[PDB]
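Here is the structure we will look at, set down as structure tokens.
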Amino acid sequence: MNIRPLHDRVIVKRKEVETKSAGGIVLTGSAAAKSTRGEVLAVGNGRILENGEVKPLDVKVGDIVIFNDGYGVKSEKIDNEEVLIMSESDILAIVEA
Amino acid sequence: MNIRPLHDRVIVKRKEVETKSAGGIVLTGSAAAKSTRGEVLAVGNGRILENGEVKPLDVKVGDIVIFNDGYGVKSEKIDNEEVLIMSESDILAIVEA
Amino acid sequence: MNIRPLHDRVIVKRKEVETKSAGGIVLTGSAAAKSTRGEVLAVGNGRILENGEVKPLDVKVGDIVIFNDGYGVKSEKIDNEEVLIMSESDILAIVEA
Amino acid sequence: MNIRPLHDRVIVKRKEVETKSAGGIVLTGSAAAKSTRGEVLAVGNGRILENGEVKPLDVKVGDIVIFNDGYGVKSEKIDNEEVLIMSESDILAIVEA
Amino acid sequence: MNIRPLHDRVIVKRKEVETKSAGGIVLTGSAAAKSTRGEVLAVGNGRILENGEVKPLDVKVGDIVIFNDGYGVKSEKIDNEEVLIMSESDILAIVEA
Amino acid sequence: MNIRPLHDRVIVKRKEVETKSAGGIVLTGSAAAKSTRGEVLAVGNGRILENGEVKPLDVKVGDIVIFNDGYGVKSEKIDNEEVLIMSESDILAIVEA
Amino acid sequence: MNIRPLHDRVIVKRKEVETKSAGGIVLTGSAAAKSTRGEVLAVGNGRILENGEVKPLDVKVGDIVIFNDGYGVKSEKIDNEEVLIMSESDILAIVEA
Amino acid sequence: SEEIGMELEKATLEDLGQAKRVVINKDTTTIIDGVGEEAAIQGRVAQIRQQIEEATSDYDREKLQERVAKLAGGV
Amino acid sequence: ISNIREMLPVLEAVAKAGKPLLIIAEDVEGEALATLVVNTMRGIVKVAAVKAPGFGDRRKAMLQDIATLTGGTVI
């Protein structure tokens, strides 16, 4: 089953746990840390707040995004795939070109 | 008696306590954990905030939904059935198709 | 003297302290717990917030309601009857039919 | 000097410290407790919030009112009389007829 | 130099440290306590909040006022005089006639 | 380089660390305390909040102002001069004439 | 890959870790401290709040800015360059001329 | 000192002592030839000369003579 | 005596009479002392401070005697 985020919510999948190369040629052994990068899979309508209909989100299904692994970030299991659910507020930027 | 949620409130029933199979063939013995999935039973009108009438909710009676077992989530007993009451805010997504 | 709630406030009377039968035939001895169900007796005008006049409440004098025994819930004595005063925000649902 | 509450504020005088009779014929000796009932003496214009002028209060000078002895409740001395000052928000109901 | 409060701010000077007479004829020796009464000296324009211009304050330069010695109350020194600066919110009433 | 505050921010320079004379003729030795007075150097446009354009501030470049050394007050170094950056909200009054 | 901040966010690169000269001729040895100055690289649309479209930010790509290294400030790695991401709220001023 | 309400910040070159030479070992500092004038010195010395006179104790006499030698002749 | 504030009013009436002042308190601790010191030092007003004789009850009575001899009031 593919998921369906409920307006304002984004579904992302984390990338690589410190892709072993930080700095350049040196393979950083797992130094107790996680990944802040991730890919979009599904996107809700928009934020309801202010009454005024619902403004759509600025993230299209499939961007490579940097987010803040804050408190509002939850962890989930779909078809057996490691996924995350947070609001746009927790997303900080995009990695374009 | 069937229940009646009071606008903004959703009534859901939890699913299976770690459906014994996580991973694939391996039967995960009860490892101290609960279920985050649930089914809708009843839905109130909508949120009152902003004055402006009442906007209806995006959950139809009978969806399979993922929620956050937060603080605003309460536990209740109806005809002797295990049920939960939280607001839409605590609901995160739907499991469609 | 009958009471008079001051807009947004509801007056309810608790029901039975774990009605001795939980489960079915088994009489649950008092296991340290209280009742979450209650009946409406009086209802104020409505919420003032947003300026815009006053919107009336969704609870009619005499419903059977489930509430959250939160902090905003106070306890009172009227003609010598055990009563509670909370806002609509603290009321969660109705037990109809 | 008679007092003058500054919009949104109510001036009330407490009633009797557990009027010695609780239950019926039995004179409850002072069991460490105070009175939640009180009478109105003066009332300010109204709440300023929302900009929009000032909406008047729902308490007329002289009602018998039940309040919550919360934090926002202050204690004062006028001509040598025991008086209290809180906002309407702290007032819960009226004792009519 | 005479002061100039910056909208929403009131400048007051405390009165007497328990005017030695509380009760009537009995001279209450300094019992570890301060004065809640004070006189206005200067008043700012008004509160900015809500955008909408600036609504003037309900205190005229020179009233005898009761205030709550809360946290938002600061202590200051002007020409060598003991003065206080707080917002209207911290002022509770006036002592008229 | 002269600084440039970013709307709603004020740049001030502290005055004298307890100008040694408090009371009158007596030179108060440094008694563990700081100065609450300061002079304006630069001022931003105004507050953005409420959408509605930007309302300008009530402080002109060069006033002698009393402020609250709160949390939102930061300390900075410009050309090697001791300066402070806070919002108008943290400014309490002016010392005119 | 060049980055892309998500409305309200600013991307800055810190300057020099106490540029060794503080005071004048004296070379301040690293005394446990960081730099509060930084340069803009990219800027999002604007703040969404209030519904009303999106108001653009007051920082142009390439200003020299003073910010508060608060909690909302995050640290990132791009092409192997030391970069920061915070909102405009965390930016305090500009160093012009 | 802070007991006279001074801070290091408000101290100009004129508050600092001066000498012609100084030497310090693992555990021995020595000042040769100070800029202080033999008016001030011989003044201060005649003060510690009267500290010995009213040192009512024995261990109190030991130290005082030491500083006088540190200031008068040598050791 | 910890809080210099308590002195100010008096210390200033003493700066008009131009006469020195002896402070016989139960004690003059860190804060106030350090101040007095700073003040007397810069030739502002000449002031000295000393502990009260004895302890317990007689202290107060002995201090009182001191009042009588000098025509002052115990505070």
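Note on naming: chains are A, B, ... as they come in the structure tokens, residues start from 1 per chain, ligands start from 1 in the order shown.
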I'd like the superposed chain C, fitted onto chain B by least squares over all Cα atoms in order, as a compact mmCIF listing (two decimals) with N, CA, C and O atoms, in the first residue's frame.
```
# COMPACT_ATOMS: atom_id res chain seq x y z
N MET C 1 -24.70 1.20 22.57
CA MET C 1 -24.81 2.59 22.07
C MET C 1 -23.60 2.94 21.19
O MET C 1 -22.45 2.76 21.61
N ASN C 2 -23.86 3.42 19.98
CA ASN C 2 -22.79 3.98 19.17
C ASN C 2 -22.47 5.42 19.61
O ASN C 2 -23.36 6.19 19.99
N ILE C 3 -21.18 5.74 19.57
CA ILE C 3 -20.64 7.03 20.02
C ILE C 3 -20.92 8.24 19.07
O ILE C 3 -21.47 8.09 17.95
N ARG C 4 -20.54 9.45 19.51
CA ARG C 4 -20.75 10.67 18.74
C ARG C 4 -19.69 11.74 19.06
O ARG C 4 -19.83 12.48 20.03
N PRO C 5 -18.64 11.80 18.25
CA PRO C 5 -17.51 12.70 18.50
C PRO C 5 -17.91 14.13 18.30
O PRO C 5 -18.73 14.44 17.45
N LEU C 6 -17.30 14.98 19.10
CA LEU C 6 -17.72 16.36 19.24
C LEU C 6 -16.82 17.25 18.44
O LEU C 6 -15.87 17.80 18.99
N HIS C 7 -17.12 17.40 17.14
CA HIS C 7 -16.35 18.23 16.21
C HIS C 7 -14.82 18.24 16.40
O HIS C 7 -14.35 18.48 17.51
N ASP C 8 -14.05 17.96 15.35
CA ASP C 8 -12.58 17.96 15.47
C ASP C 8 -12.05 16.65 16.09
O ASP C 8 -10.87 16.31 15.93
N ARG C 9 -12.93 15.91 16.76
CA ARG C 9 -12.57 14.63 17.37
C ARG C 9 -12.81 13.47 16.42
O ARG C 9 -13.81 13.43 15.70
N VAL C 10 -11.89 12.51 16.44
CA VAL C 10 -12.03 11.28 15.69
C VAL C 10 -12.04 10.09 16.66
O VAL C 10 -11.32 10.09 17.67
N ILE C 11 -12.88 9.10 16.35
CA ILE C 11 -12.89 7.84 17.09
C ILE C 11 -12.31 6.68 16.26
O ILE C 11 -12.83 6.33 15.20
N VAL C 12 -11.23 6.10 16.77
CA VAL C 12 -10.52 5.04 16.07
C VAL C 12 -10.33 3.82 16.96
O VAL C 12 -10.29 3.94 18.18
N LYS C 13 -10.22 2.65 16.33
CA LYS C 13 -9.85 1.44 17.05
C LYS C 13 -8.49 0.91 16.60
O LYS C 13 -8.25 0.72 15.40
N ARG C 14 -7.59 0.71 17.56
CA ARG C 14 -6.25 0.25 17.27
C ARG C 14 -6.29 -1.05 16.46
O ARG C 14 -7.32 -1.72 16.41
N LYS C 15 -5.18 -1.37 15.79
CA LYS C 15 -5.04 -2.64 15.08
C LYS C 15 -4.26 -3.66 15.91
O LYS C 15 -4.53 -3.83 17.09
N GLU C 16 -3.29 -4.33 15.28
CA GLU C 16 -2.60 -5.44 15.93
C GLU C 16 -1.30 -5.05 16.66
O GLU C 16 -0.45 -4.37 16.10
N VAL C 17 -1.18 -5.49 17.93
CA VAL C 17 0.03 -5.32 18.78
C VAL C 17 1.30 -6.02 18.20
O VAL C 17 1.60 -7.19 18.55
N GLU C 18 2.03 -5.29 17.33
CA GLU C 18 3.16 -5.79 16.50
C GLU C 18 2.80 -7.10 15.75
O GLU C 18 3.30 -8.17 16.14
N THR C 19 1.95 -7.03 14.71
CA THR C 19 1.47 -8.25 14.01
C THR C 19 2.64 -9.19 13.79
O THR C 19 3.52 -8.90 12.97
N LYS C 20 2.62 -10.30 14.52
CA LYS C 20 3.77 -11.18 14.67
C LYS C 20 4.34 -11.72 13.34
O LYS C 20 3.95 -12.80 12.87
N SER C 21 5.26 -10.95 12.73
CA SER C 21 5.92 -11.28 11.44
C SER C 21 7.00 -10.27 10.96
O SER C 21 7.63 -10.49 9.91
N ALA C 22 7.20 -9.19 11.73
CA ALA C 22 8.06 -8.05 11.34
C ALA C 22 9.38 -8.48 10.72
O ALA C 22 10.11 -9.29 11.30
N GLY C 23 9.66 -7.95 9.54
CA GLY C 23 10.80 -8.39 8.77
C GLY C 23 10.41 -9.32 7.63
O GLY C 23 10.89 -9.14 6.51
N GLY C 24 9.57 -10.32 7.89
CA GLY C 24 9.21 -11.28 6.87
C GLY C 24 8.72 -12.59 7.44
O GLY C 24 7.57 -12.68 7.87
N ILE C 25 9.58 -13.61 7.45
CA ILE C 25 9.23 -14.91 8.01
C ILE C 25 9.37 -14.96 9.55
O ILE C 25 8.69 -15.76 10.20
N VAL C 26 10.20 -14.09 10.15
CA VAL C 26 10.50 -14.17 11.60
C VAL C 26 9.38 -13.60 12.49
O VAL C 26 8.97 -12.44 12.31
N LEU C 27 8.91 -14.42 13.44
CA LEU C 27 7.84 -14.06 14.37
C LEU C 27 8.40 -13.31 15.58
O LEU C 27 8.85 -13.92 16.54
N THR C 28 8.38 -11.98 15.51
CA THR C 28 8.86 -11.14 16.61
C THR C 28 8.03 -11.34 17.87
O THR C 28 6.86 -10.95 17.92
N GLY C 29 8.63 -11.98 18.88
CA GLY C 29 8.02 -12.13 20.19
C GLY C 29 7.78 -10.76 20.79
O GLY C 29 8.54 -9.83 20.49
N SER C 30 6.73 -10.63 21.61
CA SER C 30 6.29 -9.32 22.13
C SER C 30 7.46 -8.57 22.80
O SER C 30 7.85 -8.90 23.92
N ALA C 31 8.00 -7.56 22.10
CA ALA C 31 9.26 -6.89 22.48
C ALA C 31 9.08 -5.55 23.22
O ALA C 31 9.94 -4.67 23.13
N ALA C 32 7.97 -5.43 23.97
CA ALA C 32 7.53 -4.18 24.60
C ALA C 32 7.29 -3.04 23.59
O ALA C 32 8.15 -2.17 23.38
N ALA C 33 6.12 -3.07 22.94
CA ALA C 33 5.71 -2.04 21.96
C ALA C 33 4.21 -2.14 21.62
O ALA C 33 3.58 -3.18 21.87
N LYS C 34 3.65 -1.07 21.06
CA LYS C 34 2.23 -1.00 20.69
C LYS C 34 2.01 -0.70 19.19
O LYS C 34 2.96 -0.58 18.43
N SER C 35 0.75 -0.62 18.78
CA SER C 35 0.41 -0.39 17.38
C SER C 35 0.07 1.08 17.14
O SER C 35 -0.61 1.70 17.97
N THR C 36 0.53 1.61 16.01
CA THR C 36 0.27 3.01 15.64
C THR C 36 -0.86 3.15 14.61
O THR C 36 -1.35 4.25 14.37
N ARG C 37 -1.26 2.03 14.01
CA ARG C 37 -2.33 1.99 13.01
C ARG C 37 -3.70 1.85 13.66
O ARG C 37 -3.81 1.29 14.75
N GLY C 38 -4.75 2.33 12.99
CA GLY C 38 -6.11 2.26 13.51
C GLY C 38 -7.21 2.55 12.50
O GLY C 38 -6.94 3.15 11.45
N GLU C 39 -8.44 2.14 12.81
CA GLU C 39 -9.58 2.37 11.90
C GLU C 39 -10.59 3.37 12.45
O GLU C 39 -10.93 3.34 13.64
N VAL C 40 -11.08 4.24 11.57
CA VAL C 40 -12.07 5.25 11.95
C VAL C 40 -13.43 4.61 12.15
O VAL C 40 -13.81 3.68 11.44
N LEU C 41 -14.16 5.12 13.13
CA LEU C 41 -15.52 4.66 13.38
C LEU C 41 -16.50 5.81 13.30
O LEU C 41 -17.59 5.65 12.75
N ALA C 42 -16.14 6.97 13.85
CA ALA C 42 -17.02 8.14 13.82
C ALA C 42 -16.23 9.42 13.74
O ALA C 42 -15.07 9.48 14.14
N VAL C 43 -16.86 10.46 13.22
CA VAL C 43 -16.17 11.70 12.95
C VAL C 43 -17.09 12.88 13.26
O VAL C 43 -18.24 12.87 12.85
N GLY C 44 -16.57 13.88 13.98
CA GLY C 44 -17.34 15.08 14.32
C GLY C 44 -17.47 16.04 13.15
O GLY C 44 -16.91 15.81 12.09
N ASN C 45 -18.21 17.13 13.35
CA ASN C 45 -18.39 18.12 12.30
C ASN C 45 -17.07 18.59 11.72
O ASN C 45 -16.73 18.25 10.58
N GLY C 46 -16.34 19.39 12.51
CA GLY C 46 -15.08 20.00 12.12
C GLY C 46 -14.53 20.98 13.15
O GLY C 46 -15.12 21.14 14.21
N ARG C 47 -13.41 21.63 12.85
CA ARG C 47 -12.79 22.59 13.78
C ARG C 47 -13.56 23.92 13.81
O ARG C 47 -13.95 24.43 12.76
N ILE C 48 -13.78 24.48 15.01
CA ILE C 48 -14.51 25.75 15.14
C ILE C 48 -13.60 26.97 14.91
O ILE C 48 -14.02 27.95 14.29
N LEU C 49 -12.36 26.87 15.41
CA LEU C 49 -11.36 27.96 15.37
C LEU C 49 -11.46 28.86 14.13
O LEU C 49 -11.79 28.40 13.03
N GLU C 50 -11.16 30.14 14.35
CA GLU C 50 -11.26 31.22 13.34
C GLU C 50 -12.68 31.81 13.21
O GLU C 50 -12.94 32.65 12.34
N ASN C 51 -13.57 31.39 14.11
CA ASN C 51 -14.97 31.77 14.04
C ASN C 51 -15.64 31.09 12.85
O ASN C 51 -16.33 30.08 13.04
N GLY C 52 -15.41 31.66 11.66
CA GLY C 52 -15.93 31.18 10.38
C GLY C 52 -16.49 29.76 10.42
O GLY C 52 -15.72 28.78 10.42
N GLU C 53 -17.83 29.67 10.50
CA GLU C 53 -18.58 28.41 10.56
C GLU C 53 -17.77 27.24 11.15
O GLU C 53 -17.23 27.35 12.27
N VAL C 54 -17.67 26.14 10.40
CA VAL C 54 -17.02 24.92 10.83
C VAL C 54 -16.57 24.17 9.55
O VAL C 54 -17.43 23.78 8.76
N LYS C 55 -15.26 24.01 9.34
CA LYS C 55 -14.77 23.24 8.18
C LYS C 55 -14.73 21.73 8.48
O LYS C 55 -14.15 21.33 9.49
N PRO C 56 -15.35 20.92 7.63
CA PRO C 56 -15.42 19.47 7.84
C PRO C 56 -14.04 18.83 7.76
O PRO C 56 -13.10 19.45 7.25
N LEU C 57 -13.93 17.61 8.26
CA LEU C 57 -12.64 16.94 8.36
C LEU C 57 -12.32 16.11 7.13
O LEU C 57 -13.20 15.76 6.36
N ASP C 58 -11.04 15.80 6.96
CA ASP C 58 -10.57 15.07 5.77
C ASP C 58 -10.58 13.55 5.95
O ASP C 58 -10.11 12.80 5.08
N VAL C 59 -11.12 13.08 7.07
CA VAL C 59 -11.23 11.64 7.30
C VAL C 59 -12.67 11.16 7.25
O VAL C 59 -13.53 11.62 8.01
N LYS C 60 -12.93 10.24 6.33
CA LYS C 60 -14.25 9.62 6.18
C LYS C 60 -14.39 8.40 7.11
O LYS C 60 -13.43 7.66 7.33
N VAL C 61 -15.59 8.22 7.66
CA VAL C 61 -15.88 7.09 8.54
C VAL C 61 -15.44 5.77 7.89
O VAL C 61 -16.12 5.25 7.01
N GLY C 62 -14.30 5.23 8.31
CA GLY C 62 -13.88 3.93 7.84
C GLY C 62 -12.52 3.82 7.16
O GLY C 62 -12.22 2.80 6.55
N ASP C 63 -11.70 4.86 7.24
CA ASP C 63 -10.35 4.81 6.69
C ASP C 63 -9.41 4.03 7.59
O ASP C 63 -9.63 3.94 8.81
N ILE C 64 -8.34 3.49 7.01
CA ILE C 64 -7.25 2.91 7.78
C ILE C 64 -6.16 4.00 7.96
O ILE C 64 -5.52 4.39 6.97
N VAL C 65 -5.98 4.50 9.19
CA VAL C 65 -5.11 5.68 9.44
C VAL C 65 -3.94 5.48 10.38
O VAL C 65 -4.03 4.77 11.37
N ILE C 66 -2.84 6.15 10.08
CA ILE C 66 -1.68 6.16 10.96
C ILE C 66 -1.77 7.40 11.82
O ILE C 66 -1.97 8.51 11.31
N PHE C 67 -1.62 7.22 13.12
CA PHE C 67 -1.64 8.35 14.05
C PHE C 67 -0.46 8.33 15.02
O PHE C 67 0.25 7.33 15.17
N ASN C 68 -0.26 9.47 15.67
CA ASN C 68 0.73 9.61 16.70
C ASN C 68 0.07 9.44 18.06
O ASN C 68 -0.77 10.24 18.45
N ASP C 69 0.46 8.37 18.76
CA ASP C 69 -0.02 8.08 20.11
C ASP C 69 0.51 9.14 21.10
O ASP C 69 1.27 8.81 22.03
N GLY C 70 0.13 10.41 20.89
CA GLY C 70 0.59 11.52 21.72
C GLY C 70 -0.13 11.65 23.05
O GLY C 70 -0.77 10.69 23.53
N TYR C 71 -0.03 12.83 23.66
CA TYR C 71 -0.69 13.07 24.94
C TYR C 71 -2.20 13.29 24.75
O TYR C 71 -2.99 12.76 25.54
N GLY C 72 -2.59 14.03 23.71
CA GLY C 72 -4.00 14.32 23.43
C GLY C 72 -4.87 13.11 23.09
O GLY C 72 -6.09 13.24 22.93
N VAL C 73 -4.24 11.94 22.99
CA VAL C 73 -4.93 10.66 22.71
C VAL C 73 -5.45 9.99 23.99
O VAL C 73 -4.66 9.62 24.86
N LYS C 74 -6.77 9.83 24.10
CA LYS C 74 -7.35 9.17 25.27
C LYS C 74 -7.88 7.79 24.93
O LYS C 74 -8.09 7.47 23.76
N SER C 75 -8.06 6.98 25.96
CA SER C 75 -8.49 5.59 25.81
C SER C 75 -9.88 5.39 26.42
O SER C 75 -10.12 5.85 27.54
N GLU C 76 -10.77 4.71 25.70
CA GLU C 76 -12.16 4.50 26.17
C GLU C 76 -12.77 3.09 25.94
O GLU C 76 -12.23 2.28 25.20
N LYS C 77 -13.92 2.84 26.57
CA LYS C 77 -14.57 1.53 26.59
C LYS C 77 -16.02 1.68 26.12
O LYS C 77 -16.83 2.34 26.79
N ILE C 78 -16.37 1.07 24.98
CA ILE C 78 -17.73 1.19 24.43
C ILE C 78 -18.31 -0.18 24.05
O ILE C 78 -17.76 -0.87 23.20
N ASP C 79 -19.43 -0.54 24.70
CA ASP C 79 -20.04 -1.89 24.62
C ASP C 79 -19.07 -3.01 25.01
O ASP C 79 -19.37 -4.18 24.81
N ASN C 80 -17.93 -2.61 25.59
CA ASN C 80 -16.76 -3.45 25.85
C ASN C 80 -15.78 -3.59 24.65
O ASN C 80 -15.19 -4.65 24.45
N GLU C 81 -15.58 -2.51 23.88
CA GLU C 81 -14.60 -2.51 22.78
C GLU C 81 -13.55 -1.44 23.00
O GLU C 81 -13.87 -0.31 23.40
N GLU C 82 -12.30 -1.79 22.70
CA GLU C 82 -11.13 -0.92 22.93
C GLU C 82 -10.98 0.20 21.87
O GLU C 82 -10.56 -0.05 20.74
N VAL C 83 -11.32 1.42 22.28
CA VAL C 83 -11.38 2.58 21.39
C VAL C 83 -10.54 3.78 21.87
O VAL C 83 -10.20 3.89 23.05
N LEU C 84 -10.23 4.67 20.92
CA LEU C 84 -9.38 5.83 21.17
C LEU C 84 -10.06 7.10 20.65
O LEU C 84 -10.81 7.06 19.67
N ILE C 85 -9.79 8.22 21.33
CA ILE C 85 -10.35 9.51 20.93
C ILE C 85 -9.26 10.56 20.90
O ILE C 85 -8.61 10.84 21.92
N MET C 86 -9.04 11.12 19.72
CA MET C 86 -8.04 12.16 19.53
C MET C 86 -8.57 13.13 18.50
O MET C 86 -9.60 12.88 17.88
N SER C 87 -7.87 14.25 18.33
CA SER C 87 -8.24 15.19 17.28
C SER C 87 -7.53 14.87 15.96
O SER C 87 -6.58 14.07 15.93
N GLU C 88 -8.00 15.48 14.87
CA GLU C 88 -7.42 15.29 13.54
C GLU C 88 -5.94 15.63 13.55
O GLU C 88 -5.17 14.99 12.85
N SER C 89 -5.57 16.63 14.35
CA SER C 89 -4.17 17.08 14.51
C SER C 89 -3.23 15.94 14.86
O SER C 89 -2.07 15.95 14.46
N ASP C 90 -3.75 14.97 15.61
CA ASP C 90 -2.99 13.80 16.01
C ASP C 90 -2.92 12.72 14.89
O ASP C 90 -2.09 11.81 14.97
N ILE C 91 -3.78 12.82 13.88
CA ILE C 91 -3.75 11.88 12.74
C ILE C 91 -2.79 12.34 11.64
O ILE C 91 -2.81 13.50 11.22
N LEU C 92 -1.98 11.40 11.16
CA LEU C 92 -0.85 11.74 10.32
C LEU C 92 -1.03 11.39 8.84
O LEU C 92 -0.57 12.14 7.98
N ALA C 93 -1.67 10.25 8.55
CA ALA C 93 -1.84 9.80 7.15
C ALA C 93 -2.94 8.76 6.97
O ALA C 93 -3.57 8.36 7.94
N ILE C 94 -3.15 8.35 5.72
CA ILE C 94 -4.06 7.24 5.42
C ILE C 94 -3.37 6.14 4.64
O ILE C 94 -2.44 6.39 3.88
N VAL C 95 -3.83 4.91 4.85
CA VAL C 95 -3.33 3.76 4.12
C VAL C 95 -4.36 3.40 3.05
O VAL C 95 -5.30 2.64 3.30
N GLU C 96 -4.19 3.97 1.87
CA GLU C 96 -5.08 3.73 0.74
C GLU C 96 -4.49 2.65 -0.16
O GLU C 96 -3.31 2.31 0.01
N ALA C 97 -5.30 2.14 -1.09
CA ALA C 97 -4.96 1.04 -2.02
C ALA C 97 -3.82 0.11 -1.53
O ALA C 97 -2.82 -0.16 -2.21
```
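Excluding stretch 71-74 of chain I itself and any same-chain residue fewer than 5 positions from it, the protein and nucleic acid residues within 12 Å of it, counting only C-alpha atoms, are residues 22, 23, 24, 25, 26, 52, 59, 60, 61, 62, 63, 64, 65 and 66 of chain I.
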At what distance in Å, to one decimal, does atom CA of residue H:71 lie from atom CA of residue H:46?
-> 10.7 Å
Can you tell me how far atom CA of residue I:37 sits from atom CA of residue H:5, in Å to one decimal?
-> 8.7 Å
Interatomic distance, atom CA of residue I:46 to atom CA of residue I:75 (Å, one decimal) = 21.0 Å
